[PDB]
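Listing of upload.csv; format and content: CSV, N, CA and C atoms and all ligand atoms.
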```
chain,number,residue,atom,x,y,z
D,1,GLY,N,9.3,114.7,46.7
D,1,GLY,CA,10.5,115.4,46.1
D,1,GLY,C,11.8,115.0,46.7
D,2,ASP,N,12.9,115.3,46.0
D,2,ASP,CA,14.2,114.9,46.3
D,2,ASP,C,14.8,116.0,47.2
D,3,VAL,N,15.0,115.6,48.5
D,3,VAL,CA,15.6,116.6,49.5
D,3,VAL,C,16.9,117.2,49.1
D,4,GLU,N,17.8,116.3,48.6
D,4,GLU,CA,19.2,116.8,48.2
D,4,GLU,C,19.1,117.8,47.0
D,5,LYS,N,18.2,117.5,46.1
D,5,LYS,CA,18.1,118.4,44.9
D,5,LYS,C,17.5,119.7,45.4
D,6,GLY,N,16.6,119.6,46.4
D,6,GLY,CA,16.0,120.8,46.9
D,6,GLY,C,16.9,121.7,47.7
D,7,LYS,N,17.9,121.1,48.3
D,7,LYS,CA,18.9,121.8,49.1
D,7,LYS,C,19.7,122.7,48.2
D,8,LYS,N,20.1,122.1,47.0
D,8,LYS,CA,20.8,122.9,46.0
D,8,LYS,C,20.0,124.1,45.5
D,9,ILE,N,18.7,123.9,45.3
D,9,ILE,CA,17.9,124.9,44.8
D,9,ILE,C,17.8,126.0,45.8
D,10,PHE,N,17.6,125.6,47.1
D,10,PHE,CA,17.5,126.6,48.2
D,10,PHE,C,18.7,127.5,48.3
D,11,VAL,N,19.9,126.8,48.3
D,11,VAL,CA,21.2,127.5,48.4
D,11,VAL,C,21.4,128.5,47.3
D,12,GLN,N,21.0,128.1,46.1
D,12,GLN,CA,21.2,129.0,44.9
D,12,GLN,C,20.2,130.1,44.8
D,13,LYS,N,18.9,129.8,45.1
D,13,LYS,CA,17.9,130.8,44.9
D,13,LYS,C,17.2,131.4,46.1
D,14,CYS,N,17.4,130.9,47.3
D,14,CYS,CA,16.7,131.4,48.5
D,14,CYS,C,17.6,131.9,49.6
D,15,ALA,N,18.6,131.2,49.9
D,15,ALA,CA,19.5,131.4,51.0
D,15,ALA,C,20.0,132.9,51.2
D,16,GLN,N,20.1,133.6,50.1
D,16,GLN,CA,20.6,135.0,50.2
D,16,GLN,C,19.5,135.9,51.0
D,17,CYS,N,18.3,135.4,51.1
D,17,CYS,CA,17.3,136.2,51.8
D,17,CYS,C,16.6,135.5,52.9
D,18,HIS,N,16.9,134.2,53.0
D,18,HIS,CA,16.3,133.4,54.1
D,18,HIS,C,17.2,132.4,54.8
D,19,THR,N,17.0,132.3,56.1
D,19,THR,CA,17.7,131.3,56.9
D,19,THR,C,16.5,130.3,57.2
D,20,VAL,N,16.9,129.1,57.5
D,20,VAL,CA,15.9,128.1,57.8
D,20,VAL,C,16.0,127.5,59.2
D,21,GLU,N,17.1,127.6,59.8
D,21,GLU,CA,17.3,127.0,61.2
D,21,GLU,C,16.7,127.8,62.3
D,22,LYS,N,16.5,127.1,63.4
D,22,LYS,CA,15.9,127.7,64.6
D,22,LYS,C,16.9,128.8,65.1
D,23,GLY,N,16.3,130.0,65.3
D,23,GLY,CA,17.1,131.1,65.8
D,23,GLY,C,17.8,131.8,64.7
D,24,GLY,N,17.7,131.3,63.5
D,24,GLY,CA,18.3,131.9,62.3
D,24,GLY,C,17.8,133.4,62.2
D,25,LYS,N,18.7,134.3,61.8
D,25,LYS,CA,18.4,135.7,61.7
D,25,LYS,C,17.5,136.0,60.5
D,26,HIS,N,16.8,137.1,60.7
D,26,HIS,CA,15.9,137.5,59.6
D,26,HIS,C,16.9,138.3,58.7
D,27,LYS,N,16.7,138.3,57.4
D,27,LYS,CA,17.5,139.0,56.4
D,27,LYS,C,16.6,139.8,55.6
D,28,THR,N,16.8,139.8,54.3
D,28,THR,CA,15.8,140.6,53.5
D,28,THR,C,14.5,139.9,53.7
D,29,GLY,N,14.5,138.6,53.8
D,29,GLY,CA,13.2,137.9,54.1
D,29,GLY,C,13.3,137.3,55.5
D,30,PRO,N,12.1,136.8,56.0
D,30,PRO,CA,12.0,136.2,57.3
D,30,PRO,C,12.7,134.9,57.5
D,31,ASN,N,13.1,134.6,58.7
D,31,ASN,CA,13.6,133.3,59.0
D,31,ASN,C,12.4,132.3,58.8
D,32,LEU,N,12.7,131.1,58.2
D,32,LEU,CA,11.6,130.2,57.9
D,32,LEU,C,11.5,129.0,58.9
D,33,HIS,N,12.2,129.0,60.0
D,33,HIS,CA,12.0,127.9,60.9
D,33,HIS,C,10.6,127.8,61.4
D,34,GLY,N,10.0,126.6,61.4
D,34,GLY,CA,8.7,126.4,61.8
D,34,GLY,C,7.6,126.8,60.8
D,35,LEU,N,8.0,127.0,59.6
D,35,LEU,CA,7.2,127.3,58.5
D,35,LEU,C,5.9,126.5,58.3
D,36,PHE,N,6.1,125.2,58.2
D,36,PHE,CA,5.0,124.3,58.0
D,36,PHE,C,4.0,124.2,59.2
D,37,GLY,N,2.7,124.6,58.9
D,37,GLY,CA,1.7,124.6,59.9
D,37,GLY,C,1.5,126.0,60.4
D,38,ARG,N,2.2,127.0,60.0
D,38,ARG,CA,2.1,128.3,60.5
D,38,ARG,C,1.4,129.2,59.4
D,39,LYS,N,0.6,130.2,59.9
D,39,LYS,CA,-0.1,131.1,58.9
D,39,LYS,C,0.9,132.0,58.3
D,40,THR,N,0.5,132.7,57.3
D,40,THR,CA,1.4,133.7,56.6
D,40,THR,C,1.7,134.9,57.5
D,41,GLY,N,2.9,135.4,57.4
D,41,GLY,CA,3.3,136.5,58.1
D,41,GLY,C,3.3,136.5,59.6
D,42,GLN,N,3.7,135.4,60.2
D,42,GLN,CA,3.7,135.2,61.6
D,42,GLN,C,5.0,135.1,62.3
D,43,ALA,N,6.1,135.0,61.6
D,43,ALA,CA,7.4,134.9,62.2
D,43,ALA,C,7.7,136.2,63.0
D,44,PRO,N,7.9,136.1,64.3
D,44,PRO,CA,8.1,137.3,65.2
D,44,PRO,C,9.4,138.1,64.8
D,45,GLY,N,9.3,139.4,64.9
D,45,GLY,CA,10.4,140.2,64.7
D,45,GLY,C,10.7,140.6,63.3
D,46,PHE,N,9.9,140.3,62.3
D,46,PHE,CA,10.1,140.6,60.9
D,46,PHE,C,8.9,141.5,60.4
D,47,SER,N,9.3,142.6,59.7
D,47,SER,CA,8.2,143.5,59.2
D,47,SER,C,7.7,143.0,57.8
D,48,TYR,N,6.6,142.3,57.9
D,48,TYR,CA,5.9,141.8,56.7
D,48,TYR,C,5.1,142.8,56.1
D,49,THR,N,4.7,142.7,54.8
D,49,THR,CA,3.8,143.6,54.1
D,49,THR,C,2.4,143.2,54.7
D,50,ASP,N,1.5,144.1,54.6
D,50,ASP,CA,0.1,143.8,55.1
D,50,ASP,C,-0.4,142.7,54.2
D,51,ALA,N,0.0,142.7,52.9
D,51,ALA,CA,-0.5,141.7,51.9
D,51,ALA,C,-0.2,140.3,52.4
D,52,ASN,N,1.1,140.1,52.8
D,52,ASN,CA,1.5,138.8,53.3
D,52,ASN,C,0.8,138.5,54.6
D,53,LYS,N,0.8,139.4,55.6
D,53,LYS,CA,0.1,139.1,56.9
D,53,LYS,C,-1.4,138.8,56.7
D,54,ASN,N,-2.0,139.4,55.7
D,54,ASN,CA,-3.4,139.2,55.5
D,54,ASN,C,-3.8,138.0,54.6
D,55,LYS,N,-2.9,137.4,53.9
D,55,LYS,CA,-3.2,136.3,53.0
D,55,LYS,C,-4.1,135.3,53.7
D,56,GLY,N,-3.7,135.0,55.0
D,56,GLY,CA,-4.5,134.1,55.8
D,56,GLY,C,-4.4,132.6,55.6
D,57,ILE,N,-3.6,132.1,54.7
D,57,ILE,CA,-3.5,130.7,54.5
D,57,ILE,C,-2.4,130.1,55.4
D,58,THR,N,-2.4,128.8,55.5
D,58,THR,CA,-1.4,128.0,56.3
D,58,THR,C,-0.4,127.4,55.4
D,59,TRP,N,0.9,127.7,55.7
D,59,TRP,CA,2.0,127.1,54.9
D,59,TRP,C,2.1,125.6,55.0
D,60,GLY,N,2.2,125.0,53.9
D,60,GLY,CA,2.3,123.5,53.8
D,60,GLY,C,2.7,123.2,52.4
D,61,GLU,N,2.8,121.9,52.1
D,61,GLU,CA,3.3,121.5,50.8
D,61,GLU,C,2.4,122.0,49.7
D,62,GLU,N,1.1,122.0,49.9
D,62,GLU,CA,0.2,122.5,48.9
D,62,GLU,C,0.3,124.0,48.6
D,63,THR,N,0.2,124.8,49.6
D,63,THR,CA,0.2,126.2,49.5
D,63,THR,C,1.6,126.7,49.0
D,64,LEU,N,2.7,126.0,49.4
D,64,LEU,CA,4.0,126.4,49.0
D,64,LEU,C,4.2,126.1,47.5
D,65,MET,N,3.6,125.0,47.0
D,65,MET,CA,3.7,124.6,45.6
D,65,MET,C,3.1,125.7,44.7
D,66,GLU,N,2.0,126.3,45.1
D,66,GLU,CA,1.4,127.4,44.4
D,66,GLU,C,2.2,128.7,44.5
D,67,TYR,N,2.5,129.0,45.7
D,67,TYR,CA,3.3,130.3,46.0
D,67,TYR,C,4.6,130.3,45.3
D,68,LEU,N,5.4,129.3,45.3
D,68,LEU,CA,6.7,129.3,44.7
D,68,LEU,C,6.6,129.2,43.2
D,69,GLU,N,5.5,128.9,42.6
D,69,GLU,CA,5.4,128.9,41.1
D,69,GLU,C,5.3,130.4,40.6
D,70,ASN,N,4.7,131.2,41.4
D,70,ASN,CA,4.5,132.7,41.1
D,70,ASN,C,4.1,133.4,42.4
D,71,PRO,N,5.1,133.8,43.2
D,71,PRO,CA,4.8,134.5,44.4
D,71,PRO,C,3.8,135.7,44.4
D,72,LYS,N,4.1,136.6,43.4
D,72,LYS,CA,3.2,137.8,43.3
D,72,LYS,C,1.7,137.5,42.9
D,73,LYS,N,1.5,136.3,42.2
D,73,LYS,CA,0.2,136.0,41.9
D,73,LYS,C,-0.6,135.4,43.1
D,74,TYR,N,0.1,134.7,43.9
D,74,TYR,CA,-0.5,134.1,45.1
D,74,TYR,C,-0.7,135.2,46.2
D,75,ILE,N,0.3,136.1,46.3
D,75,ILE,CA,0.2,137.1,47.3
D,75,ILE,C,0.4,138.5,46.7
D,76,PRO,N,-0.6,139.1,46.0
D,76,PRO,CA,-0.4,140.4,45.3
D,76,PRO,C,0.1,141.4,46.3
D,77,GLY,N,1.2,142.1,45.9
D,77,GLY,CA,1.7,143.2,46.8
D,77,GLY,C,2.9,142.7,47.7
D,78,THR,N,3.2,141.4,47.6
D,78,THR,CA,4.3,140.9,48.4
D,78,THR,C,5.6,141.6,48.1
D,79,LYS,N,6.5,141.8,49.1
D,79,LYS,CA,7.7,142.5,48.8
D,79,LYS,C,8.8,141.5,48.5
D,80,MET,N,8.5,140.2,48.4
D,80,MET,CA,9.4,139.2,48.0
D,80,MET,C,9.7,139.3,46.6
D,81,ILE,N,10.9,139.6,46.2
D,81,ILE,CA,11.3,139.7,44.8
D,81,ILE,C,11.9,138.4,44.3
D,82,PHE,N,11.0,137.6,43.7
D,82,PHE,CA,11.4,136.3,43.1
D,82,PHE,C,10.3,135.9,42.1
D,83,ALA,N,10.8,135.7,40.8
D,83,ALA,CA,9.9,135.4,39.7
D,83,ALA,C,9.1,134.1,39.9
D,84,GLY,N,9.7,133.1,40.5
D,84,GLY,CA,9.0,131.8,40.7
D,84,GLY,C,9.8,130.7,40.0
D,85,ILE,N,9.4,129.5,40.4
D,85,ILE,CA,10.1,128.3,39.8
D,85,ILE,C,9.0,127.6,38.9
D,86,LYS,N,9.3,127.6,37.6
D,86,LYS,CA,8.4,127.0,36.7
D,86,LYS,C,8.2,125.5,36.7
D,87,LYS,N,9.3,124.8,36.8
D,87,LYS,CA,9.2,123.3,36.8
D,87,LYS,C,8.6,122.7,38.1
D,88,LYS,N,7.5,121.9,37.9
D,88,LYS,CA,6.8,121.3,39.0
D,88,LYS,C,7.8,120.4,39.9
D,89,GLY,N,8.6,119.6,39.2
D,89,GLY,CA,9.6,118.8,39.9
D,89,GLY,C,10.6,119.6,40.8
D,90,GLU,N,11.0,120.7,40.3
D,90,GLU,CA,12.0,121.5,41.0
D,90,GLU,C,11.3,122.1,42.3
D,91,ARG,N,10.0,122.5,42.2
D,91,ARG,CA,9.3,123.0,43.3
D,91,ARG,C,9.1,121.9,44.3
D,92,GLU,N,8.8,120.6,43.8
D,92,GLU,CA,8.6,119.5,44.7
D,92,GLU,C,9.9,119.2,45.5
D,93,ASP,N,11.0,119.3,44.8
D,93,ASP,CA,12.3,119.0,45.5
D,93,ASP,C,12.6,120.1,46.6
D,94,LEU,N,12.4,121.3,46.2
D,94,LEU,CA,12.7,122.4,47.1
D,94,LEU,C,11.7,122.3,48.3
D,95,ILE,N,10.5,122.0,48.1
D,95,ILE,CA,9.5,121.9,49.2
D,95,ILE,C,9.9,120.7,50.1
D,96,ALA,N,10.4,119.7,49.6
D,96,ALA,CA,10.8,118.5,50.4
D,96,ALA,C,12.0,118.9,51.3
D,97,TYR,N,12.9,119.7,50.7
D,97,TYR,CA,14.0,120.2,51.5
D,97,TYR,C,13.5,121.1,52.6
D,98,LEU,N,12.6,122.0,52.3
D,98,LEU,CA,12.1,123.0,53.3
D,98,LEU,C,11.4,122.2,54.4
D,99,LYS,N,10.6,121.2,54.1
D,99,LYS,CA,9.9,120.4,55.1
D,99,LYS,C,10.9,119.9,56.1
D,100,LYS,N,12.0,119.5,55.7
D,100,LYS,CA,13.0,118.9,56.6
D,100,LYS,C,13.8,120.0,57.3
D,101,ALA,N,14.5,120.9,56.5
D,101,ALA,CA,15.3,121.9,57.1
D,101,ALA,C,14.7,123.0,58.0
D,102,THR,N,13.4,123.2,57.8
D,102,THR,CA,12.7,124.2,58.7
D,102,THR,C,12.1,123.6,59.9
D,103,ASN,N,12.3,122.3,60.1
D,103,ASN,CA,11.8,121.5,61.2
D,103,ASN,C,12.9,120.8,62.0
D,104,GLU,N,14.2,121.1,61.8
D,104,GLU,CA,15.3,120.5,62.5
D,104,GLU,C,15.9,121.4,63.5
D,201,LIG,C1,12.9,130.2,45.9
D,201,LIG,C2,13.4,130.7,47.0
D,201,LIG,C3,12.6,131.3,48.0
D,201,LIG,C4,11.6,130.6,48.8
D,201,LIG,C5,11.2,129.2,48.8
D,201,LIG,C6,11.0,131.7,49.6
D,201,LIG,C7,9.9,131.5,50.5
D,201,LIG,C8,9.3,132.4,51.2
D,201,LIG,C9,8.1,132.2,52.1
D,201,LIG,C10,7.5,130.8,52.3
D,201,LIG,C11,7.8,133.4,52.6
D,201,LIG,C12,6.6,133.6,53.5
D,201,LIG,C13,7.0,133.5,54.9
D,201,LIG,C14,5.9,133.8,56.0
D,201,LIG,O1,4.7,134.1,55.6
D,201,LIG,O2,6.2,133.7,57.1
D,201,LIG,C15,8.7,134.3,52.0
D,201,LIG,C16,8.7,135.7,52.3
D,201,LIG,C17,9.5,136.6,51.9
D,201,LIG,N1,10.6,136.4,51.0
D,201,LIG,FE1,11.1,134.6,50.2
D,201,LIG,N2,11.5,132.9,49.4
D,201,LIG,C18,12.5,132.7,48.4
D,201,LIG,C19,13.4,133.6,47.9
D,201,LIG,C20,13.4,134.9,48.2
D,201,LIG,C21,14.3,135.9,47.6
D,201,LIG,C22,15.3,135.6,46.6
D,201,LIG,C23,14.0,137.2,48.2
D,201,LIG,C24,14.5,138.4,48.0
D,201,LIG,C25,15.0,139.1,47.0
D,201,LIG,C26,12.8,136.8,49.2
D,201,LIG,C27,12.2,137.8,49.9
D,201,LIG,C28,11.2,137.6,50.8
D,201,LIG,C29,10.5,138.7,51.5
D,201,LIG,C30,10.9,140.1,51.5
D,201,LIG,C31,9.5,138.1,52.2
D,201,LIG,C32,8.5,138.8,53.1
D,201,LIG,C33,7.5,139.4,52.1
D,201,LIG,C34,6.3,140.2,52.5
D,201,LIG,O3,6.2,140.5,53.7
D,201,LIG,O4,5.4,140.5,51.7
D,201,LIG,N3,12.5,135.5,49.1
D,201,LIG,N4,9.6,133.7,51.2
```
Could you render the structure from this file as structure tokens?
Amino acid sequence: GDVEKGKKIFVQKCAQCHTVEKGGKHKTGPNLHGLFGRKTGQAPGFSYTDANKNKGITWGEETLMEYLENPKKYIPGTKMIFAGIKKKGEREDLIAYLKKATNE
């Protein structure tokens, strides 16, 4: 995916609920720093739904690709209000940006 295109997507559709940097505050949604390689619902200090905490999968390019296409379908009961991103390419770009931004 194209990191720059993904940055634009993040800023327009995710930033209002999520920060990606280390130490970034939790907002409506949890801070995403360290996302890749971590299990669902493990960011300290954020009140996740039990649905998210119990999904039990590990966040990575593959799991994110599915989750972002339709959040509610992948994690029934999640309190994340987001319809999903239909275009495969857009999800690829966004995930490429997340891979970088949540690890710097
Ligand atoms: C496309 C943009 C977005 C992406 C890529 C995204 C991604 C994520 C990810 C990966 C998680 C899981 C974190 C974890 O398990 O530690 C999450 C959780 C969450 N997100 Fe988002 N998110 C986006 C937009 C939003 C928006 C717009 C809202 C709010 C209106 C939101 C609200 C939440 C909430 C409330 C949770 C925690 C849900 C729960 O505990 O069930 N997100 N998001």
Which residues are near ligand LIG 201 (chain D) in this structure, taking near to mean any atom at most 8 Å from a ligand atom and counting only C-alpha atoms and all ligand atoms? Format them as number ranges by chain.
D: 9-10, 13-18, 28-32, 35, 38-43, 47-53, 59, 64, 67-68, 75, 77-82, 84-85, 94-95, 98
CA of residue 90 in chain D to CA of residue 20 in chain D, distance in Å rounded to a single decimal
18.5 Å
DSSP helix (DSSP H, G or I) residues within chain D, listed as a PyMOL selection string:
chain D and resi 3-13+50-55+61-67+71-74+88-101
Quick one: everything within 6 Å of residue 1 in chain D, counting all atoms listed in the file, minus sequence neighbours fewer than 6 positions away in the same chain. Send it as an NGL selection string.
:D and (92-93 or 96)
Could you please determine the separation between CA of residue 58 in chain D and CA of residue 97 in chain D in Å, to one decimal place?
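About the pair CA of residue 58 in chain D and CA of residue 97 in chain D: they are 17.9 Å apart.
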Take atom C of residue 88 in chain D and atom C of residue 72 in chain D and report the distance between them in Å, one decimal.
18.4 Å
Nearest-residue call for residue 102 in chain D, choices D:55, D:11, D:19, D:5, using only N, CA and C atoms:
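Between D:55, D:11, D:19, D:5, the residue approaching residue 102 in chain D most closely is D:19.
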